[PDB]
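Chains as they are written, first to last, in PDB author numbering: chain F7, 2 to 143; chain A7, 2 to 143; chain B7, 2 to 143; chain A6, 167 to 497; chain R3, 1 to 126; chain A5, 2 to 160; chain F5, 2 to 160.
Even for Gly, the Cβ is constructed at its ideal location relative to N, Cα and C.
First up is the structure itself, then whatever we jot down about it.
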Amino acid sequence: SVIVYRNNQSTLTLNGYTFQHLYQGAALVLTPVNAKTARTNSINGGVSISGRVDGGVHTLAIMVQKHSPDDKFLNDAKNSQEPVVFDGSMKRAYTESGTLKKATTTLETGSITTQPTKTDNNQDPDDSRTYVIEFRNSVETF
Amino acid sequence: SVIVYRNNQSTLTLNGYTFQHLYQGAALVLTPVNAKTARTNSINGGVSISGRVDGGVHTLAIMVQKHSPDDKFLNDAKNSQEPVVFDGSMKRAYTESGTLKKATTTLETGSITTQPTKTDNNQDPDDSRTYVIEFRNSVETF
Amino acid sequence: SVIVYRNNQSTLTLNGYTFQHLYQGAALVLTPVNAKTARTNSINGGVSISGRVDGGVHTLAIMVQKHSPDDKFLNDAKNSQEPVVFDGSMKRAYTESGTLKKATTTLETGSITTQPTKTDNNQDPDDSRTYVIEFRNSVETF
Amino acid sequence: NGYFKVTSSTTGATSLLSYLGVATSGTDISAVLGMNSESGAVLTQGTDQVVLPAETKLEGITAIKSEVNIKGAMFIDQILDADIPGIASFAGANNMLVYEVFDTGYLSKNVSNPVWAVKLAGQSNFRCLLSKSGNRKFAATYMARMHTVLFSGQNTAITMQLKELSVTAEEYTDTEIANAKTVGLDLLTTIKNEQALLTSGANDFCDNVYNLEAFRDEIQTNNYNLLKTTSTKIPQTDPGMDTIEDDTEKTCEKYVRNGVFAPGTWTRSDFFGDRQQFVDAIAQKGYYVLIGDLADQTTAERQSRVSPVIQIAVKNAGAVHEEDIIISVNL
Amino acid sequence: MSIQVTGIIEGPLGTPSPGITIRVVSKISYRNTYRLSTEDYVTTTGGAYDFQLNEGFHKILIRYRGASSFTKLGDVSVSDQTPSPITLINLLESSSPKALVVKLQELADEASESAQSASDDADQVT
Amino acid sequence: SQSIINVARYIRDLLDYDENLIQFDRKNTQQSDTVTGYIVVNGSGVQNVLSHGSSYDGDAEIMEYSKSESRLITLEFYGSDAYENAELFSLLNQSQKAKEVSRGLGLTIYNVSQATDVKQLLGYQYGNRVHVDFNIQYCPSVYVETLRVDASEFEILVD
Amino acid sequence: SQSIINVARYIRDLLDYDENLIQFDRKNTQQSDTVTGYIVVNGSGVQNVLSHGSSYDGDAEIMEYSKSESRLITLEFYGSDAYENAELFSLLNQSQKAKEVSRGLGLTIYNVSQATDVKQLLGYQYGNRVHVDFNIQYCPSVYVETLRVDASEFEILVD
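Okay, here's the thing in structure tokens:
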């Protein structure tokens, strides 16, 4: 249908801190690690539907500037003595036809799960710190 | 945010010896071998956060000139009777907006873990000795 | 650092026989099959460094002319009743700044481990006999 | 306790004006002592004579919240009826609870009965309790039983139907049990020879009002400390407005993951934003936060440095209080 | 001192509309590059403008209320030497050149006043 | 904006080299006296962005829109001493002198990537001309007077 | 249709920039007085579709054929102040001002992708000209008076 967004990228904020230095070129990405329901399927038109406990478990890959307030926050999170839970939201504003709706996706208790692969070059500039915060519930609503 | 670095590449030094013949074209690279925290996730909004013991374990791939003081140091390290521990730091200087900050990453007890794949050609010049010193703690701070 | 080699390719000799028909285009290549030291890493800043027994085990891939004195030597080695041990050296001459140094790499008891994949074409000429002599100790010194 | 008290021997209309000054005849201690004129220091000059404040009213409770920020209040004495609407309005405005007891005399649906007046007025924060003895202590064990909740654990929102209390129950007959149920009072009575506290729904449920009140205060405080102590003041950037929306959304999460609100259909008709998203979020997330757009706010109040008016909508989690079941015998 | 530019909007600026609006964006070099500070001024009847102006780099825009967008009147560099009671059309003619770097060398006067302050601070000890 | 002029500054006082002998790029400027070894900071390479930061300040309350980016600026040396001013640059780029003089030039400086002695067809004659490549990375910024939020009044509702 | 004019609107009152100084594209329009820094919304880039929606309305019964698509519209700034009007745009594109003024312009706005100072061969002279790239995504629509179905009579059969 007809649709247009404000807010170029999904504005994002974890722990009441908003990410504002996002590496241009598809920084955020949400990946469902698992299915939403596994099934066992028996003879003659019979199946069994069971929503797994890993339903919303989503990994969020974030790309941030090599040394930025956003990378400072994520790094201080990474180096904490006790791994810091992450709660927050990814959301966009968008006007459906004329009506203004907001598409939000909560992000429950999550944590670091892959450190950035810290690469420094000389040929070419590279400021690409990619964290992956993988939560358990990522419910989009709209 | 606004940011500019002095020190083209992250100036690096292991065992009080500084690497100064770095193969141009992304010589250094830090890779996190493991996660920062594994979790088990149970029903109805419940997870368990546990930072692994392999948290900072980072492999550092170094590319150096085929026969250089840097490769001499790394090689003499490689051929020692007793494998030589590596301690040191990777760091960059950088001015945030006007203020001059230094981004440092310590490298604790580490060692050789993949010898360079010694390749010699005739078609084309190749002076590419890639060592991989993989430490256990690699804490970036800034 | 400043460096220049005599001896285009690493002049090589096994069993007192020198390889002189080297397929142009990166004939020799030394690959470390294993690490130099494996480690077990426990809590709270503790690791254990252990240099493996497979330290220097290096495979040397040689590319030689399809039917050459070098391939004759390697083949007669391959077809012996008793597999023939290989001992020798790979080394280069090179002048560091003005001083003339020699970079040598011994090759201890080794043997055939992958026969050449004998390919004969009609479209295109192919004289590419690639042997792989994999030794146990390959110590570079300089 | 780290404070240095200096008090003249004379009492009444004697002034210690000086903030320790400086003597030209030595090296001062005043500056390092921290009681200089420039240095912040309280200096309560001696009053003239003994003062006789007139007897205030129980409405003077305004002072207490003025200085302590309590949330559940009492009174040793019984609150006289004429003051009941006043203190009820105070409870509604100053965002706290006030537990009060009454004897059986106030058991009616009459307007003259103050408690029924509270019910019809919607003064839901003025909780009314029953004690034939007029046991004022019954308020204590009541106040001490409702407020035990942490608002951070998994499931902690408690009702008070049938909760152990610390005062002897009394004896009632059926008719005033029902009357108390239908006029908002609460009863501490005997069931199977046991302490049994029963709440009512005429006035809003104790669980409901207490949960809502803690919720509103917690939203206010999370929004406040997001905004003045976080040391990174949040803008009117649309990202920043989204931040301020997420703060309250996160608190609402804390509460649905608490036991106060649960997802479900929305019974009411009034709403905001649009029916579809409203009911969808409530049926799924149990809450819905929609913040006014920066556009809809005039420049006049933008320079006032106040965000748009956020609208949050919640649905209580149902609490079982009754169970009715019917059993037949197939032989 | 800070200047006060005034006049009657005439000529290429347009007809003296009694509602015309102007906008000055000042480029105040704040910390790293600069900060742009906007300010919109309106006009009294007869197309009359009268307003003070700080010193520095100002970009002036013109437009009419209810119009669709501004018109680039242009840049200007108000320095400590421009006349105070001047019209806007006249000032627009004294646009900013790239003498600013030579202007930076007015720090010689500041250096001198610092030197004199040091001298007339040092001497009194006797 | 200022980036190319900045790298021109850096090359100005890394080689201890003259003002009037560094011209910028594909502007209009006459190259008289071929032997007068010029240096030009060719910026024709596409500059590509990397990120768009957005910071905010509280007390002296304004905010800060930044844009990190990089461009493959090439350097063309001319003149009879082109080769030297190529090599002697292509090698001092990563010394003390450079890394110490590019203090406030809000502009990183990467290693020289490649060189070429591509000359120029000066009409039946060949004038010395050498290109050296190096990615340069910088980040322009602007500051905007927005304003913060001091509080937030609001109302709730429930079924 | 309206998309290019819309992005022209957005650039009109993001830079607080003039009507008559924004011309569209490869139309016919004379660029007199090179220093008068123009901006042109080059739409020559191929616009590619993404989806073809089809919605239907019940009471005021008509339906709604939509077509989401995107185009790499480039912006060419001219004039002596080309560089600034490039950078100052290339950096305010993602501020409050932009993201707040593009209210009803039924047109998303992505980040500026890359820039270039490719000038134009103005006949033995070089006039300042800078391109900045950014994908733009929008969705044209049309409404058609179809009509619903109120019932459906029908018959069945069996062996």
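Tell me where the beta strand (DSSP E) around residue i begins and ends.
i               : result
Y132 (chain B7) : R130 to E135
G26 (chain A7)  : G26 (chain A7) -> no beta strand (DSSP E), and no H or E assigned at all.
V198 (chain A6) : First-last for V198 (chain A6): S196 to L199, but that is the alpha helix (DSSP H), not the beta strand (DSSP E).
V42 (chain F5)  : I40 to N43
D50 (chain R3)  : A48 to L53
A362 (chain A6) : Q361 to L364
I157 (chain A5) : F155 to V159
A479 (chain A6) : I476 to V480
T14 (chain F7)  : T12 to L15
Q327 (chain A6) : Note, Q327 (chain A6): premise wrong, no beta strand (DSSP E); not H, not E.
So if DSSP puts residue i in a beta bridge, which residue, or which two residues, is it bridged to?
i                      : result
residue 162 (chain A5) : The question about residue 162 (chain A5) has no answer, for chain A5 in this structure spans 2 to 160.
residue 498 (chain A6) : Any answer about residue 498 (chain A6) is impossible in this case: the structure gives chain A6 only from 167 up to 497.
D40 (chain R3)         : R23 (chain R3)
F143 (chain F7)        : Answer by DSSP bridge pairing: none, since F143 (chain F7) is not bridged.
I62 (chain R3)         : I22 (chain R3) and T71 (chain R3)
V349 (chain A6)        : Paired residue(s): none; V349 (chain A6) is not in a bridge.
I74 (chain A5)         : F135 (chain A5)
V34 (chain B7)         : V34 (chain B7) is not bridged to any residue.
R35 (chain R3)         : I28 (chain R3)
Output needed for residue i: all residues of its chain with C-beta closer than 7 angstroms, excluding positions within five of it in sequence on either side, in chain order.
i               : result
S290 (chain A6) : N369, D370 and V375
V76 (chain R3)  : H58, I60, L91, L92, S94, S95 and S96
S69 (chain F7)  : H22
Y34 (chain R3)  : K27 and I28
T142 (chain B7) : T105
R10 (chain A5)  : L106
CB-CB under 6 angstroms to residue i, same chain, minus the five flanking residues each way: which ones, in chain order?
i               : result
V86 (chain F7)  : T110
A362 (chain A6) : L328 and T355
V113 (chain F5) : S91, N94, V133 and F135
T325 (chain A6) : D373 and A485
Report all residues from its chain with a CB closer than 8 angstroms to the CB of residue i; omit the five preceding and five following residues, and keep chain order.
i              : result
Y41 (chain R3) : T21, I22, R23, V24, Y49 and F51
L22 (chain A5) : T37, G38, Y39 and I40
Between which two residues does the alpha helix (DSSP H) carrying residue i extend?
i               : result
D412 (chain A6) : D404 to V422
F381 (chain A6) : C372 to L393
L93 (chain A5)  : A83 to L93
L92 (chain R3)  : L88 to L92
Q124 (chain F7) : That residue, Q124 (chain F7), is in no alpha helix (DSSP H); it is neither H nor E in DSSP.
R311 (chain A6) : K303 to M312
What I want to know is whether the C-beta of residue i ends up closer than 8 angstroms to one or more non-hydrogen atoms of the ligand PLP.
i              : result
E55 (chain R3) : Looking for the ligand PLP in the displayed structure turns up nothing, as the structure carries no ligands at all.
To be precise: take each residue of the stretch 142 to 156 of chain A5, compare its Cβ to all Cβ atoms of chain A6, and keep it if any distance is under 9 angstroms. Which residues remain?
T147, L148, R149, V150, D151, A152, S153, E154, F155 and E156
Within 7 angstroms of chain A5 by C-beta, residues of the stretch 56 to 70 of chain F7 in sequence order
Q66, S69 and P70
Runs of 3 residues minimum, wholly inside the stretch 38 to 113 of chain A7: which ones carry the beta strand (DSSP E) assignment?
39 to 43, 47 to 51, 59 to 65 and 87 to 96
Within the stretch 98 to 143 of chain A5, note down every full beta strand (DSSP E) run reaching 3 residues or more, in order along the chain.
115 to 117 and 130 to 139
Residues of the stretch 367 to 391 of chain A6 in Cβ contact with chain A5 at a cutoff of 7 angstroms, in chain order, please.
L378, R382 and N389
Name the residues in the stretch 108 to 120 of chain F5 whose C-beta lies less than 7 angstroms from a C-beta of chain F7; which are they?
Look at the stretch 108 to 120 of chain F5: the residues with a C-beta under 7 angstroms from a C-beta of chain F7 are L108, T109, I110, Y111 and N112.
Of all the alpha helix (DSSP H) runs that stay within the bounds of the stretch 422 to 456 of chain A6, which reach a length of 4 or more residues?
441 to 451
Residues within the stretch 8 to 21 of chain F7 neighbouring chain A6, beta-carbon criterion of under 7 angstroms:
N8, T12, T14, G17, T19 and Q21
Scan the stretch 59 to 93 of chain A5 for residues whose Cβ lies nearer than 7 angstroms to a Cβ of chain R3 and list them as they occur along the chain.
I63
If you measure beta-carbon to beta-carbon, which residues of the stretch 390 to 409 of chain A6 are closer than 8 angstroms to chain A5?
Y390, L393, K394, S397, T398, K399, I400, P401, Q402, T403, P405 and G406
Hey, which unbroken runs of the alpha helix (DSSP H) at 4 residues or more fall wholly within the stretch 184 to 227 of chain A6?
The stretch 184 to 227 of chain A6 contains, as complete alpha helix (DSSP H) runs of 4+ residues, the segments 196 to 199 (chain order).
What residues in the stretch 473 to 484 of chain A6 have a beta carbon less than 9 angstroms from any beta carbon of chain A5?
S473, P474, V475, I476, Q477, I478, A479, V480, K481 and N482
Pull out every residue of the stretch 410 to 421 of chain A6 whose Cβ sits closer than 7 angstroms to any Cβ of chain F7, in chain order.
Answer set for the stretch 410 to 421 of chain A6: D412, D413, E415, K416 and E419.
The stretch 29 to 57 of chain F5: which residues have C-beta closer than 7 angstroms to a C-beta of chain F7, in chain order?
Among the residues of the stretch 29 to 57 of chain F5, those with a Cβ less than 7 angstroms away from any Cβ of chain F7 are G54 and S56, in the order of the chain.
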